[PDB]
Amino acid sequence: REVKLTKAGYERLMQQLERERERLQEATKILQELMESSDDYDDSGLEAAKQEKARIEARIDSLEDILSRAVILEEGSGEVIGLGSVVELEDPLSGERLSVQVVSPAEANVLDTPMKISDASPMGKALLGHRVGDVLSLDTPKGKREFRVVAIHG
């Protein structure tokens, strides 16, 4: 599917990619050291090292995919998230899709779909004023996750 990013969204993901490449270099060094180690009680350490390297590689592949196919949108384009806005989000690393609607505190209900999020909550305040293409780190009921804003509507 097409990928739209604002200049800020692209910037955030590229910075994240740079950090992930750093982690990959470190993870690779660790793996190499263990492969050349002379004291091997068992392979638990090697397996963990390979698992971490793979975890990082998967994130890098997802980031490179999104960044390489992204179309950079013009600033101040489309709708902007406010009270009443229904927002479609997509995790750039997992592809998971989630939708939410920013509502007044008294209308909040995290069990609905879209999730009715209070504009006064950490997630709500983090969404206010953003546009399609922006990339945000949100405090969801499942924890902290990164999402790209895919659509905004009534």
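A residue's number is simply how far along the shown sequence it sits, counting from 1.
Participant: Do the CA atoms of 37-45 or those of 99-107 have the higher mean B-factor in the entry?
Facilitator: Comparing 37-45 with 99-107, the higher mean C-alpha B-factor belongs to 37-45.
Participant: As stated in the PDB record, which stretch has the larger average Cα B-factor, 53-61 or 24-32?
Facilitator: Stretch with the higher mean C-alpha B-factor: 24-32.
Participant: Using the B-factor values recorded in the entry, state whether the Cα atom of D91 falls in the lowest, middle or highest third among the modelled residues of its chain.
Facilitator: Within its chain, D91 is a middle-third residue by C-alpha B-factor, going by the deposited values.
Participant: Ranking every modelled residue in this chain by its Cα temperature factor as given in the entry, which third contains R1?
Facilitator: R1: CA B-factor falls in the highest third of its chain.
Participant: Taking only the Cα B-factors deposited for this chain, tell me whether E11 sits in the lowest, middle or highest third.
Facilitator: As the PDB entry reports it, the C-alpha B-factor of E11 lands in the lowest third of its chain.
Participant: Pull the Cα B-factor of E146 out of the PDB entry and bin it into the chain's lowest, middle or highest third.
Facilitator: Middle third by C-alpha B-factor.
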